[PDB]
């Protein structure tokens, strides 16, 4: 069993920066992928970015690839989402997600992830 706890959301001005964090606890020994998803009002939940937990590979959606960055803390079991040059379109609930079952690569399908956080709200105002 794995527990995910997000923090770091809030209100931010267009063009500003914000960093989300997700504390990963429990059976972390065989977590293989950590990722961020987001769901905007009236839209479906979408993949933002993911990384091989213990590897190097990362992958980000096209609409955020040159602005967002995922990473893992070198000390604690925390994954970060660095969001730069934010736009009002980025307003959503951002969810932390974990996959422990064996897989090749970084999957983008929400149904392939095993653990989900409660979500943190990010509002980009103009």
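Positions refer to the first chain, counted from 1.
Taking only CA atoms, the mean B-factor in the PDB entry is higher for 64 to 72 than for the other of 95 to 103 and 64 to 72. Taking the mean C-alpha B-factor of each stretch as recorded, 32 to 40 and 82 to 90 are not equal, and the higher mean is that of 82 to 90.
Ranked by C-alpha B-factor against the other modelled residues of its chain, residue 124 falls in the highest third. Among the modelled residues of the chain, residue 112 sits in the lowest third by CA temperature factor in this PDB entry.
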